[PDB]
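**Student:** Can you keep this structure in mind? I'll have questions shortly.
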2 protein chains.
Amino acid sequence: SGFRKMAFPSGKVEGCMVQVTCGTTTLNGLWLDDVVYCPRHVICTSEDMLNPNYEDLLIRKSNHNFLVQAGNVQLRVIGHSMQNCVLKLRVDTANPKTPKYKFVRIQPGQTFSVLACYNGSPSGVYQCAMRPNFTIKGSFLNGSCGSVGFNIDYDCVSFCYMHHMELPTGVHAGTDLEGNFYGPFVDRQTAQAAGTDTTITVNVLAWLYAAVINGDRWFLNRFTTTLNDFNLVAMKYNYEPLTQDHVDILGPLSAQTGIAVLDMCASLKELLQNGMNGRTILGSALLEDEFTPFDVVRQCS
Amino acid sequence: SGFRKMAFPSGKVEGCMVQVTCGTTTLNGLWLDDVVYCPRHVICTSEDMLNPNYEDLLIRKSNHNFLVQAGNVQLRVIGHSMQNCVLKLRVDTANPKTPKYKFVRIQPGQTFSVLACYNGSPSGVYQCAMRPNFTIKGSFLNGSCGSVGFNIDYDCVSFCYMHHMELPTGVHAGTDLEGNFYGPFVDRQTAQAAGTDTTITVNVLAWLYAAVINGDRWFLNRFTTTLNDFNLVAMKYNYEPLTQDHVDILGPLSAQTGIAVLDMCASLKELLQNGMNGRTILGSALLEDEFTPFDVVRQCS
Ligand SMILES: Cn1cnc(Cn2c(=O)nc(Nc3cc4cn(C)nc4cc3Cl)n(Cc3cc(F)c(F)cc3F)c2=O)n1
Ligand SMILES: Cn1cnc(Cn2c(=O)nc(Nc3cc4cn(C)nc4cc3Cl)n(Cc3cc(F)c(F)cc3F)c2=O)n1
């Protein structure tokens, strides 16, 4: 029993982080086989950071301009290329601890583990979700550029996020491991605004099922609603649309608990309309939306 | 910016977990140097589990009754001893990935990372606190016995918890790595009740400082209170006493934010008396008490 914000064990990823330095600019890189992946922002001097032309900046570089340090051992760069917003540095040594891995891009509403990293040294691990507005509400300080987000399936690490910058609201923006940004952001040191966010409805329902599995049932009721009558109220509360696919994905949880999805939706409608009234669900006083149906099944087996 | 429930990177601990089997009973063990540490409950058959006499059960065992599996490799047991509620199995192979480590016992109110483990295989990592009543609000399923909790300081892993059982309220009880239980619990398969819990006041104040560092200031006020007038109200709300040592420990956070501790206490008194009124602090709608002052400084550098 119990329900926590649970990350994947980070060991397989810790063994891949290195430090990348170009000039006096430094950040974190990801060493897989004989390639190091890192934000291309590393080739910016402090004067290039506001408005870089990255093609210009990189053609002025050679392999010897890149200092890669894997803990103690300096890795010799023997090639460099740029792929969208990530730089690829070929090194003369394959990482002997390279896990089986994939580069996957995730969807808004999906979760992943973040290994926060500073000067190539892992500092902490936490779980988060990609928000509907393509930001993440991370925890990152100066020096965290290049930290990665990932999921693990069996023994395969699916890398899905590489951290780039913090927006003025304190939320975070980055790319997939092919260098393509999540959301309408660009890798310049300029203030950029996140769009309006929404609440991930299917995740809230998944978490309510987790509560029932763990014996929190006070919010349940005998009522039911239709899909469209639910979506009419929820969207007044800045909730995203609940599709039949979302209802379908919630199937297994509905089966294990014996509570129909539209029955759970009637509970959520009342919680939205009435609040939670000095009560908690799984230790929280608000409706938690950063647990996917898969996360719930994973933790509530 | 940002503030999350952040665990330590788990790699150094993942490399130490093994599976221990005695008869048909199986659980997780911790392999450090040439010793495997695990709950002594493993020597119980299903019929011994309710009311074991562990000295009796163990004298009837020999080294060949213990199957230790480090992933693929079977470790040969060459000795066994029992220390309080943990069993020590000497093996013929030192763990080549043994980190620098210590066995430390933690205090109620202190936090640690949990590596949840099943059949010797790490599954997830999360952060939690030792509650004032010496339980932890973990997330554990069947097969998690022997999972460990830890902190990391520089490169040294300080092991502080080994998981044993789940209580009827769904909270969790275990021992330090010397086998001495936290709290008034015993390793028998009988229903045991946790005592009444309290809220960790110094941690709530630390988290309010974290909020101010992250720009959440709506709960601040121009008032101040005395230590004893604060403790009179807080204890009406099942909060633990705030000592001058607690005020002293909060010193650095008070200095970095320029908010005196008893000024922050006046904010907490109002939050307790008035509630939070449809507003959130660092993404939570209740007063979070599982972040220590050190956790805040760690994450809000
Ligand atoms: C508060 N915070 C939260 N997350 C972050 C991540 N982050 C970062 O770590 N570094 C950044 N700028 C750099 C300055 C450097 C100074 N030296 C010596 N080396 C440096 C390297 C970097 Cl990468 N930034 C800002 C930033 C990074 C980008 F990749 C980008 F495209 C635009 C940006 F404005 C940053 O956000 N900090
Ligand atoms: C739901 N939950 C949450 N945490 C836990 C931890 N936990 C556990 O993992 N196993 C336990 N009993 C066993 C049964 C076995 C069956 N086989 C084949 N092997 C087994 C091994 C164990 Cl250890 N228990 C119960 C329990 C474990 C103890 F160590 C103890 F002292 C008293 C107890 F009641 C358990 O709580 N489950």
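By convention in this document, the chains of the structure tokens carry letters A, B, ... by their order, each chain's residues are numbered from 1, and ligands are numbered from 1 in the order they are shown.
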Got a sec: who's within 7 Å of residue B:20, counting only C-alpha atoms, leaving out chain neighbours fewer than 6 positions off, as a list in words?

**Tutor:**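 Here the qualifying residues turn out to be residues 26, 27, 28, 29, 66, 67, 68 and 69 of chain B.
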
**Student:** Skipping near chain neighbours, those fewer than 6 positions away, what residues fall within 12 Å of residue A:140 using only C-alpha atoms, listed as a VMD selection string?

**Tutor:** (chain A and resid 114 to 118 123 to 126 146 to 148 163 to 167 170 to 173) or (chain B and resid 1 to 4 6 214 298 to 301)

**Student:** What lies within 12 Å of residue B:282 using only C-alpha atoms, ignoring chain neighbours under 2 positions off, as a ChimeraX atom specification?

**Tutor:** /A:137-139,170 /B:1-5,207-219,279-280,284-288

**Student:** Keeping only N, CA, C and O atoms, take the residues you just selected and write them out as a CSV table (one decimal), in the first residue's frame.

**Tutor:**
```csv
chain,number,residue,atom,x,y,z
A,137,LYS,N,7.3,21.2,-14.8
A,137,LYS,CA,7.5,21.9,-13.5
A,137,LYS,C,8.6,21.1,-12.8
A,137,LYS,O,8.4,20.3,-11.9
A,138,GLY,N,9.9,21.4,-13.2
A,138,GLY,CA,11.0,20.7,-12.6
A,138,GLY,C,11.6,21.4,-11.4
A,138,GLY,O,11.0,22.3,-10.9
A,139,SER,N,12.7,20.9,-11.0
A,139,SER,CA,13.5,21.5,-9.9
A,139,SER,C,14.9,21.5,-10.4
A,139,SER,O,15.6,20.5,-10.5
A,170,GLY,N,9.5,30.2,-13.8
A,170,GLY,CA,10.2,29.2,-13.0
A,170,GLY,C,10.0,27.8,-13.5
A,170,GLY,O,10.5,26.8,-12.9
B,1,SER,N,15.0,27.2,-10.1
B,1,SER,CA,13.7,27.3,-9.4
B,1,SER,C,13.0,26.0,-9.4
B,1,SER,O,13.4,25.0,-10.1
B,2,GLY,N,11.9,25.9,-8.7
B,2,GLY,CA,11.1,24.7,-8.6
B,2,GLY,C,11.4,23.9,-7.3
B,2,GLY,O,12.5,24.1,-6.7
B,3,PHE,N,10.5,23.1,-6.8
B,3,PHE,CA,10.7,22.4,-5.6
B,3,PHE,C,10.0,21.1,-5.7
B,3,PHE,O,8.7,21.0,-5.9
B,4,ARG,N,10.7,20.0,-5.6
B,4,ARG,CA,10.2,18.6,-5.8
B,4,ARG,C,10.6,17.7,-4.7
B,4,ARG,O,11.6,18.0,-4.0
B,5,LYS,N,9.9,16.6,-4.6
B,5,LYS,CA,10.3,15.5,-3.7
B,5,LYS,C,11.4,14.8,-4.3
B,5,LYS,O,11.2,13.9,-5.2
B,207,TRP,N,9.9,24.4,4.7
B,207,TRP,CA,9.2,24.4,3.4
B,207,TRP,C,8.6,25.7,3.1
B,207,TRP,O,8.6,26.1,1.9
B,208,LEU,N,8.1,26.4,4.1
B,208,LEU,CA,7.6,27.8,3.9
B,208,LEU,C,8.8,28.7,3.4
B,208,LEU,O,8.6,29.6,2.6
B,209,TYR,N,10.0,28.5,4.0
B,209,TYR,CA,11.1,29.2,3.5
B,209,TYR,C,11.5,28.9,2.0
B,209,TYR,O,11.8,29.7,1.2
B,210,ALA,N,11.4,27.6,1.7
B,210,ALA,CA,11.6,27.2,0.3
B,210,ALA,C,10.6,27.9,-0.6
B,210,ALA,O,10.9,28.3,-1.7
B,211,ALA,N,9.3,28.0,-0.1
B,211,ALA,CA,8.3,28.7,-0.9
B,211,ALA,C,8.8,30.2,-1.2
B,211,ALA,O,8.7,30.7,-2.3
B,212,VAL,N,9.2,30.9,-0.2
B,212,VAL,CA,9.6,32.3,-0.3
B,212,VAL,C,10.8,32.4,-1.3
B,212,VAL,O,10.8,33.3,-2.2
B,213,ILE,N,11.8,31.5,-1.2
B,213,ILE,CA,12.9,31.4,-2.1
B,213,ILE,C,12.4,31.3,-3.5
B,213,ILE,O,13.0,31.8,-4.5
B,214,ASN,N,11.3,30.5,-3.7
B,214,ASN,CA,10.8,30.3,-5.0
B,214,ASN,C,9.7,31.3,-5.4
B,214,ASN,O,9.0,31.1,-6.4
B,215,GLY,N,9.5,32.4,-4.7
B,215,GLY,CA,8.6,33.4,-5.0
B,215,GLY,C,7.2,33.3,-4.6
B,215,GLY,O,6.3,34.1,-4.9
B,216,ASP,N,6.8,32.2,-3.8
B,216,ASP,CA,5.5,32.1,-3.2
B,216,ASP,C,5.6,32.9,-1.9
B,216,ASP,O,6.2,32.5,-0.9
B,217,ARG,N,4.9,34.1,-1.8
B,217,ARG,CA,5.0,34.9,-0.6
B,217,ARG,C,3.6,35.3,-0.1
B,217,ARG,O,3.5,36.1,0.9
B,218,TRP,N,2.5,34.8,-0.7
B,218,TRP,CA,1.2,35.3,-0.3
B,218,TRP,C,0.8,35.1,1.1
B,218,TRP,O,0.0,35.8,1.7
B,219,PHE,N,1.4,34.0,1.7
B,219,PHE,CA,1.1,33.7,3.1
B,219,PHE,C,1.8,34.5,4.1
B,219,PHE,O,1.5,34.4,5.3
B,279,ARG,N,-5.9,28.5,-2.2
B,279,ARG,CA,-4.6,28.8,-2.7
B,279,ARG,C,-3.6,27.7,-2.4
B,279,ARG,O,-3.9,26.8,-1.6
B,280,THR,N,-2.5,27.7,-3.1
B,280,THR,CA,-1.5,26.7,-3.0
B,280,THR,C,-0.1,27.3,-2.6
B,280,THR,O,0.1,28.5,-2.8
B,284,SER,N,1.2,22.6,-3.5
B,284,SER,CA,0.5,21.8,-2.6
B,284,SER,C,-0.6,22.7,-1.9
B,284,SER,O,-0.4,23.9,-1.6
B,285,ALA,N,-1.7,22.0,-1.6
B,285,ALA,CA,-2.8,22.7,-0.9
B,285,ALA,C,-2.9,22.3,0.6
B,285,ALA,O,-3.8,22.7,1.3
B,286,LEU,N,-1.8,21.7,1.1
B,286,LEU,CA,-1.7,21.5,2.6
B,286,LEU,C,-0.2,21.9,3.0
B,286,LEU,O,0.6,22.1,2.1
B,287,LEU,N,0.0,21.9,4.3
B,287,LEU,CA,1.3,22.2,4.8
B,287,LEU,C,2.2,21.0,4.8
B,287,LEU,O,2.0,20.0,5.5
B,288,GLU,N,3.2,21.0,4.0
B,288,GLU,CA,4.1,19.9,3.7
B,288,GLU,C,5.1,19.8,4.8
B,288,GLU,O,5.8,20.8,5.1
```

**Student:** Taking only stretch 37-163 of chain A into account, list the residues labelled helix (DSSP H, G or I) by DSSP (computed from the backbone), as a list in words.

**Tutor:**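 Result set for stretch 37-163 of chain A (helix (DSSP H, G or I)): residues 40, 41, 42, 43, 54, 55, 56, 57, 58, 59, 63, 64 and 65 of chain A.
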
**Student:** Could you tell me how far atom CA of residue A:41 lies from atom 19 (N, counted along the ligand's line) of ligand 1, in Å and to one decimal?

**Tutor:** 9.1 Å

**Student:** Hey, which of A:113, A:158, A:45, A:19 ends up closest to chain B? Count only C-alpha atoms.

**Tutor:** A:113
